[PDB]
$ cat work-v2.pdb   # PDB, C-alpha atoms
ATOM      1  CA  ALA A   1      39.496 148.453  31.135
ATOM      2  CA  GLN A   2      42.128 145.781  30.525
ATOM      3  CA  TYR A   3      44.130 146.728  33.610
ATOM      4  CA  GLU A   4      41.832 147.474  36.556
ATOM      5  CA  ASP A   5      42.683 148.659  40.060
ATOM      6  CA  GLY A   6      41.859 145.831  42.454
ATOM      7  CA  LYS A   7      42.377 143.264  39.729
ATOM      8  CA  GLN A   8      45.986 142.894  38.534
ATOM      9  CA  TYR A   9      47.159 145.401  41.109
ATOM     10  CA  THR A  10      45.892 147.374  44.078
ATOM     11  CA  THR A  11      46.514 151.002  44.871
ATOM     12  CA  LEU A  12      48.078 152.104  48.131
ATOM     13  CA  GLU A  13      45.555 154.370  49.848
ATOM     14  CA  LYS A  14      48.604 155.870  51.537
ATOM     15  CA  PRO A  15      51.316 156.427  48.879
ATOM     16  CA  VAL A  16      54.998 156.271  49.756
ATOM     17  CA  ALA A  17      57.066 159.236  48.568
ATOM     18  CA  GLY A  18      60.605 158.740  47.273
ATOM     19  CA  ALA A  19      60.205 154.949  47.120
ATOM     20  CA  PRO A  20      62.296 152.889  44.664
ATOM     21  CA  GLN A  21      60.764 152.607  41.195
ATOM     22  CA  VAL A  22      60.324 148.820  41.329
ATOM     23  CA  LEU A  23      60.479 147.333  44.800
ATOM     24  CA  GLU A  24      60.306 143.562  45.414
ATOM     25  CA  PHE A  25      60.107 141.939  48.887
ATOM     26  CA  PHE A  26      60.875 138.311  49.657
ATOM     27  CA  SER A  27      61.976 135.871  52.352
ATOM     28  CA  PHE A  28      64.196 132.789  51.944
ATOM     29  CA  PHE A  29      61.483 131.087  54.095
ATOM     30  CA  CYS A  30      58.689 131.997  51.722
ATOM     31  CA  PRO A  31      57.563 129.048  49.541
ATOM     32  CA  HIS A  32      56.041 131.172  46.725
ATOM     33  CA  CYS A  33      59.236 133.266  46.762
ATOM     34  CA  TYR A  34      61.195 130.110  46.003
ATOM     35  CA  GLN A  35      58.899 129.494  43.038
ATOM     36  CA  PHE A  36      59.253 133.154  41.951
ATOM     37  CA  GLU A  37      63.029 132.905  41.986
ATOM     38  CA  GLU A  38      63.935 129.393  40.857
ATOM     39  CA  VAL A  39      60.943 128.271  38.764
ATOM     40  CA  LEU A  40      59.311 131.464  37.450
ATOM     41  CA  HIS A  41      62.314 133.844  37.375
ATOM     42  CA  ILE A  42      59.983 136.790  37.961
ATOM     43  CA  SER A  43      62.565 139.452  38.875
ATOM     44  CA  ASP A  44      64.445 138.601  35.753
ATOM     45  CA  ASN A  45      61.491 138.682  33.377
ATOM     46  CA  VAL A  46      60.238 141.967  34.807
ATOM     47  CA  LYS A  47      63.664 143.509  34.135
ATOM     48  CA  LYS A  48      63.582 142.341  30.509
ATOM     49  CA  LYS A  49      60.443 144.416  29.956
ATOM     50  CA  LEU A  50      61.127 147.479  32.039
ATOM     51  CA  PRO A  51      61.806 150.684  30.062
ATOM     52  CA  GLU A  52      65.200 152.347  29.844
ATOM     53  CA  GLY A  53      66.116 154.168  33.066
ATOM     54  CA  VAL A  54      64.302 152.099  35.635
ATOM     55  CA  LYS A  55      66.003 150.503  38.661
ATOM     56  CA  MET A  56      64.984 147.297  40.412
ATOM     57  CA  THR A  57      65.307 146.823  44.127
ATOM     58  CA  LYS A  58      64.919 143.596  46.078
ATOM     59  CA  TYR A  59      64.696 143.414  49.881
ATOM     60  CA  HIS A  60      64.528 140.568  52.422
ATOM     61  CA  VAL A  61      61.969 140.721  55.238
ATOM     62  CA  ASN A  62      62.061 139.795  58.948
ATOM     63  CA  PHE A  63      58.563 138.505  59.638
ATOM     64  CA  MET A  64      59.196 134.865  58.623
ATOM     65  CA  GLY A  65      61.479 132.381  60.320
ATOM     66  CA  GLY A  66      62.024 134.271  63.559
ATOM     67  CA  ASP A  67      65.651 134.662  64.576
ATOM     68  CA  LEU A  68      67.035 133.075  61.400
ATOM     69  CA  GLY A  69      64.716 135.294  59.398
ATOM     70  CA  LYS A  70      66.530 138.352  60.799
ATOM     71  CA  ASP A  71      69.973 136.787  60.167
ATOM     72  CA  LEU A  72      68.847 136.285  56.586
ATOM     73  CA  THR A  73      67.919 139.946  56.275
ATOM     74  CA  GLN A  74      71.372 140.907  57.545
ATOM     75  CA  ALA A  75      72.920 138.317  55.155
ATOM     76  CA  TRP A  76      70.990 139.771  52.289
ATOM     77  CA  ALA A  77      72.360 143.221  53.274
ATOM     78  CA  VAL A  78      75.836 141.647  53.016
ATOM     79  CA  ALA A  79      74.957 140.174  49.614
ATOM     80  CA  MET A  80      73.842 143.656  48.405
ATOM     81  CA  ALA A  81      76.860 145.460  49.845
ATOM     82  CA  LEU A  82      79.270 142.986  48.190
ATOM     83  CA  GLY A  83      77.185 142.767  45.029
ATOM     84  CA  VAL A  84      76.955 138.983  45.200
ATOM     85  CA  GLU A  85      73.167 138.462  45.078
ATOM     86  CA  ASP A  86      73.368 136.380  41.919
ATOM     87  CA  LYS A  87      75.743 133.956  43.626
ATOM     88  CA  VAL A  88      73.925 133.310  46.887
ATOM     89  CA  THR A  89      70.239 133.577  46.145
ATOM     90  CA  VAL A  90      69.924 130.024  44.839
ATOM     91  CA  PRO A  91      72.062 128.281  47.529
ATOM     92  CA  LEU A  92      70.234 130.275  50.246
ATOM     93  CA  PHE A  93      66.796 129.302  48.958
ATOM     94  CA  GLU A  94      67.835 125.646  48.646
ATOM     95  CA  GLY A  95      69.696 125.657  51.939
ATOM     96  CA  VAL A  96      66.584 126.904  53.740
ATOM     97  CA  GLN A  97      63.746 125.129  51.872
ATOM     98  CA  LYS A  98      65.180 122.211  49.884
ATOM     99  CA  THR A  99      68.038 120.601  51.766
ATOM    100  CA  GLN A 100      67.286 122.405  55.040
ATOM    101  CA  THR A 101      70.950 122.637  55.843
ATOM    102  CA  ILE A 102      70.673 126.261  56.975
ATOM    103  CA  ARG A 103      69.821 126.423  60.679
ATOM    104  CA  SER A 104      72.131 129.108  62.013
ATOM    105  CA  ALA A 105      74.016 132.240  60.988
ATOM    106  CA  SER A 106      77.112 130.033  60.623
ATOM    107  CA  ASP A 107      75.326 127.931  58.014
ATOM    108  CA  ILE A 108      74.335 131.099  56.169
ATOM    109  CA  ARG A 109      77.985 132.111  56.281
ATOM    110  CA  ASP A 110      79.028 128.697  54.801
ATOM    111  CA  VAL A 111      76.873 129.459  51.743
ATOM    112  CA  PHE A 112      78.885 132.657  51.057
ATOM    113  CA  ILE A 113      82.225 130.834  51.690
ATOM    114  CA  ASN A 114      81.244 128.083  49.274
ATOM    115  CA  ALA A 115      80.227 130.780  46.771
ATOM    116  CA  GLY A 116      83.785 132.047  47.038
ATOM    117  CA  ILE A 117      83.378 135.135  49.208
ATOM    118  CA  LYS A 118      86.271 135.130  51.688
ATOM    119  CA  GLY A 119      85.752 134.688  55.430
ATOM    120  CA  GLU A 120      87.489 137.927  56.278
ATOM    121  CA  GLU A 121      85.401 139.776  53.656
ATOM    122  CA  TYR A 122      82.098 138.301  54.827
ATOM    123  CA  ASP A 123      82.749 138.848  58.530
ATOM    124  CA  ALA A 124      83.945 142.401  57.952
ATOM    125  CA  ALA A 125      80.790 143.152  55.899
ATOM    126  CA  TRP A 126      78.458 141.377  58.372
ATOM    127  CA  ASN A 127      79.698 143.637  61.193
ATOM    128  CA  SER A 128      79.909 146.885  59.175
ATOM    129  CA  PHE A 129      77.706 149.953  59.712
ATOM    130  CA  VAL A 130      77.206 150.052  55.956
ATOM    131  CA  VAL A 131      75.409 146.710  56.332
ATOM    132  CA  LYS A 132      73.593 148.046  59.423
ATOM    133  CA  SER A 133      72.068 150.928  57.405
ATOM    134  CA  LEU A 134      71.325 148.520  54.541
ATOM    135  CA  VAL A 135      69.360 146.403  57.068
ATOM    136  CA  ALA A 136      67.562 149.618  58.172
ATOM    137  CA  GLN A 137      66.637 150.450  54.569
ATOM    138  CA  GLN A 138      65.077 146.990  54.073
ATOM    139  CA  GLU A 139      63.085 147.332  57.271
ATOM    140  CA  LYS A 140      62.001 150.925  56.538
ATOM    141  CA  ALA A 141      60.775 150.070  53.039
ATOM    142  CA  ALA A 142      58.688 147.168  54.350
ATOM    143  CA  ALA A 143      57.341 149.345  57.178
ATOM    144  CA  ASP A 144      56.355 152.182  54.801
ATOM    145  CA  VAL A 145      53.834 149.908  53.076
ATOM    146  CA  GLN A 146      52.855 147.974  56.196
ATOM    147  CA  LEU A 147      54.100 144.744  54.643
ATOM    148  CA  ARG A 148      52.422 141.576  55.962
ATOM    149  CA  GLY A 149      53.052 139.088  53.141
ATOM    150  CA  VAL A 150      55.613 138.053  50.559
ATOM    151  CA  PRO A 151      56.302 137.769  47.656
ATOM    152  CA  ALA A 152      55.329 141.375  47.068
ATOM    153  CA  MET A 153      56.119 143.963  44.460
ATOM    154  CA  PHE A 154      55.390 147.709  44.506
ATOM    155  CA  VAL A 155      55.755 150.207  41.671
ATOM    156  CA  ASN A 156      56.628 153.873  42.415
ATOM    157  CA  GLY A 157      55.500 153.595  46.021
ATOM    158  CA  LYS A 158      51.891 153.637  44.868
ATOM    159  CA  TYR A 159      50.854 150.360  43.219
ATOM    160  CA  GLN A 160      51.031 146.787  44.513
ATOM    161  CA  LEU A 161      51.088 143.740  42.222
ATOM    162  CA  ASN A 162      48.161 141.391  42.752
ATOM    163  CA  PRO A 163      49.137 137.963  41.295
ATOM    164  CA  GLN A 164      46.023 136.211  42.665
ATOM    165  CA  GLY A 165      44.177 138.046  39.908
ATOM    166  CA  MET A 166      46.056 136.265  37.059
ATOM    167  CA  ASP A 167      45.813 132.807  35.344
ATOM    168  CA  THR A 168      48.190 130.123  36.658
ATOM    169  CA  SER A 169      47.240 127.333  34.213
ATOM    170  CA  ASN A 170      50.463 128.044  32.346
ATOM    171  CA  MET A 171      53.526 129.268  34.250
ATOM    172  CA  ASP A 172      54.994 131.144  31.228
ATOM    173  CA  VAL A 173      51.778 133.080  30.652
ATOM    174  CA  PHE A 174      51.532 134.031  34.326
ATOM    175  CA  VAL A 175      55.050 135.458  34.302
ATOM    176  CA  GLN A 176      54.493 137.596  31.203
ATOM    177  CA  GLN A 177      51.210 138.887  32.533
ATOM    178  CA  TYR A 178      53.011 139.749  35.740
ATOM    179  CA  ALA A 179      55.863 141.429  33.870
ATOM    180  CA  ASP A 180      53.562 143.314  31.481
ATOM    181  CA  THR A 181      51.566 144.537  34.448
ATOM    182  CA  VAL A 182      54.718 145.963  36.019
ATOM    183  CA  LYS A 183      55.530 147.722  32.726
ATOM    184  CA  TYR A 184      52.003 149.153  32.472
ATOM    185  CA  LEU A 185      52.217 150.460  36.039
ATOM    186  CA  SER A 186      55.685 151.874  35.467
ATOM    187  CA  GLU A 187      54.373 153.943  32.513
ATOM    188  CA  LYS A 188      51.373 155.212  34.485
TER
END

$ encode --input "work-v2.pdb" --output "structure tokens"
Amino acid sequence: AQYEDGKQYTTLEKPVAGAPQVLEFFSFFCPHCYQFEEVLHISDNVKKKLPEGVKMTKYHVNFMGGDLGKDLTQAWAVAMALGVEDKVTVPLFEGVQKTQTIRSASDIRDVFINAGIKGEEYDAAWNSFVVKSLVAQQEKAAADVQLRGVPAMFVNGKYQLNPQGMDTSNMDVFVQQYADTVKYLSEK
């Protein structure tokens, strides 16, 4: 076939019921994730090809960067609760991997302040039980699929994108193949 299990995707031998339609995992410490977000714009190109009526979810993970990795997961929960993902994703990636000016939760906080979220609003969110459950959701989703590496994308709790099985000669072509694969899987 043109799309083959174990080639452009793998199947979860242990499917996850009730999972988000399209579920992406990343870490601000993850070098391919940086590529995916700032160079390849994967999330965005997937969305452009997804059918009507299909939601995209993106979660941060704990297993990179130790203590700061966990702060970043809580910060991402804040970003999601406040709906400010599109304002912090780039400065967080660059603060961690490019300029390396993020070394503590306070530095993470500075990124939101600079993006124009108010101190009082950020601190209130950071400490809220709505953010606590949002952290729990991120962890539970990763746990459900026994997640050990990022970037990762899962469709309908049953299929897992396998980007190693795609050409990377051309970055544009890789992205569309990736996006088309997600669409194929979504229609399965």

$ atom_distance --input "work-v2.pdb" --atom1 "CA of residue 136 in chain A" --atom2 "CA of residue 182 in chain A"
25.9 Å

$ residues_around --input "work-v2.pdb" --residues "range 144-149 of chain A" --least-positions-apart "4" --cutoff "8 Å" --atoms "all atoms listed in the file" --output "number ranges by chain"
A: 12, 16, 63, 140

$ write_last_selection --input "work-v2.pdb" --atoms "C-alpha atoms" --output "tab-separated table (two decimals), keeping the file's coordinate frame"
chain	number	residue	atom	x	y	z
A	12	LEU	CA	48.08	152.10	48.13
A	16	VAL	CA	55.00	156.27	49.76
A	63	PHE	CA	58.56	138.50	59.64
A	140	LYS	CA	62.00	150.93	56.54

$ residues_around --input "work-v2.pdb" --residues "range 90-101 of chain A" --least-positions-apart "5" --cutoff "9 Å" --atoms "only C-alpha atoms" --output "ChimeraX atom specification"
/A:27-31,33-34,37-38,72,107-108,111-112,115

$ residues_around --input "work-v2.pdb" --residues "residue 56 in chain A" --least-positions-apart "5" --cutoff "12 Å" --atoms "only C-alpha atoms" --output "list in words"
residues 19, 20, 21, 22, 23, 24, 25, 42, 43, 44, 45, 46, 47, 48, 49, 50, 51, 153, 154, 155, 156, 182 and 186 of chain A

$ atom_distance --input "work-v2.pdb" --atom1 "CA of residue 36 in chain A" --atom2 "CA of residue 151 in chain A"
7.9 Å

$ closest_residue --input "work-v2.pdb" --among "A:105, A:41, A:53, A:179" --to "residue 89 in chain A" --atoms "all atoms listed in the file"
A:41

$ atom_distance --input "work-v2.pdb" --atom1 "CA of residue 142 in chain A" --atom2 "CA of residue 61 in chain A"
7.3 Å

$ resolve_selection --input "work-v2.pdb" --expression "the PyMOL selection byres ((chain A and resi 126) around 10)" --output "list in words"
residues 71, 74, 75, 76, 77, 78, 79, 81, 109, 120, 121, 122, 123, 124, 125, 127, 128, 129, 130, 131 and 132 of chain A

$ residues_around --input "work-v2.pdb" --residues "residue 167 in chain A" --least-positions-apart "5" --cutoff "12 Å" --atoms "all atoms listed in the file" --output "number ranges by chain"
A: 7-8, 162, 172-178

$ write_last_selection --input "work-v2.pdb" --atoms "C-alpha atoms" --output "PDB file, in the frame of the given file"
ATOM      1  CA  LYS A   7      42.377 143.264  39.729  1.00  0.00           C
ATOM      2  CA  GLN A   8      45.986 142.894  38.534  1.00  0.00           C
ATOM      3  CA  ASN A 162      48.161 141.391  42.752  1.00  0.00           C
ATOM      4  CA  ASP A 172      54.994 131.144  31.228  1.00  0.00           C
ATOM      5  CA  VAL A 173      51.778 133.080  30.652  1.00  0.00           C
ATOM      6  CA  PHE A 174      51.532 134.031  34.326  1.00  0.00           C
ATOM      7  CA  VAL A 175      55.050 135.458  34.302  1.00  0.00           C
ATOM      8  CA  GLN A 176      54.493 137.596  31.203  1.00  0.00           C
ATOM      9  CA  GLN A 177      51.210 138.887  32.533  1.00  0.00           C
ATOM     10  CA  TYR A 178      53.011 139.749  35.740  1.00  0.00           C
TER      11      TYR A 178
END

$ resolve_selection --input "work-v2.pdb" --expression "the PyMOL selection byres ((chain A and resi 3) around 12)" --output "list in words"
residues 1, 2, 4, 5, 6, 7, 8, 9, 10, 161, 162, 165, 166, 177, 178, 180, 181, 182, 183, 184, 185 and 188 of chain A

$ closest_residue --input "work-v2.pdb" --among "A:114, A:62, A:35, A:170" --to "residue 139 in chain A" --atoms "only C-alpha atoms"
A:62
